[PDB]
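Peer 1: Fold the following for me, if possible:
(2 chains)
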2 protein chains.
Amino acid sequence: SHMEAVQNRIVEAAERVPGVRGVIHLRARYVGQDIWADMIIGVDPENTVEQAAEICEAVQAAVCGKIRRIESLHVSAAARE
Amino acid sequence: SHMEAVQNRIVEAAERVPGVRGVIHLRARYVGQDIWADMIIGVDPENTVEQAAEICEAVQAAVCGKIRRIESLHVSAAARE
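Peer 2: Residues are numbered from 1 along each chain as shown, chains lettered A, B, ... in the order given. Let me share the structure:
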């Protein structure tokens, strides 16, 4: 479960970023020894689009900063209550 | 350098604990897929022995909490300026 451990670390890192209301979706895969991932975070519906984009960039930087093997990460957002 | 990445994570986790003045020494090895490690942290010479022991236990819990493959960790302390 070495991929499981990595996914846990991604979810835990994303959830510690201000404005994140859970990880709705995470798809991670290996390209060689590198991780490529795609994620959807929850955000307050009343945040602006610009705020949601900022939170997404913060998640990107936090997750990549903590998990060195990640070479591609996309983060999008969706309203979550 | 998959062991290097693990050692970096141990050092980074230990250094984020209050009262830690650097990791003086870290020896990590694999027993199967598990990590066993021994470390020496720096501490304020003016801390009590009891305080240094507390900081050591905090390092132990922080590091083990963040790095799941670790199954044995000993943390000792030495005065550092």
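
Peer 1: The lengthiest helix in chain A to helix B:49-66, inter-axis angle?
Peer 2: What stands out as the longest helix in chain A, according to DSSP state H, is helix A:49-66. For helix A:49-66 against helix B:49-66, the angle by axes from the mean of the first three to the mean of the last three Cα atoms, to 10 degrees is 110 degrees.

Peer 1: mind exporting the helix or strand following helix A:49-66 as PDB, just the C-alpha atoms?
Peer 2: Where DSSP states H and E defines the elements, the next helix or strand beyond helix A:49-66 is strand A:70-79. Only the C-alpha atoms of strand A:70-79 are listed here, as PDB (Å, rounded to 0.1, in the frame of the first residue of the first chain):
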ATOM      1  CA  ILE A  70       4.900  14.800  -7.200                       C
ATOM      2  CA  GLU A  71       5.700  16.300 -10.500                       C
ATOM      3  CA  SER A  72       2.200  17.300 -11.700                       C
ATOM      4  CA  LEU A  73      -0.700  18.400  -9.600                       C
ATOM      5  CA  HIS A  74      -4.000  20.000 -10.700                       C
ATOM      6  CA  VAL A  75      -6.300  21.300  -8.100                       C
ATOM      7  CA  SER A  76      -9.900  22.400  -8.900                       C
ATOM      8  CA  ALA A  77     -12.700  23.500  -6.500                       C
ATOM      9  CA  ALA A  78     -16.400  22.900  -6.000                       C
ATOM     10  CA  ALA A  79     -19.000  24.300  -3.500                       C
END
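
Peer 1: and strand A:70-79, how far out from the chain's middle?
Peer 2: Distance, stretch centre to chain centre, for strand A:70-79: 5 Å (Cα atoms, centre = their mean, to the nearest Å).

Peer 1: Can you give the strand pairings for that strand, parallel or anti for each?
Peer 2: Paired neighbours of strand A:70-79 in the sheet (DSSP bridges): strand A:34-43 (parallel).

Peer 1: Give me the contact list for the strand it pairs with.
Peer 2: Outside strand A:34-43, the residues that touch it by Cβ atoms under 8 Å, 6 or more residues apart in numbering or on different chains are A:6, A:10, A:14, A:19-30, A:51-52, A:55-56, A:59, A:67, A:69-80. Heads up, the C-betas are built off the backbone N, CA and C, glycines and all.
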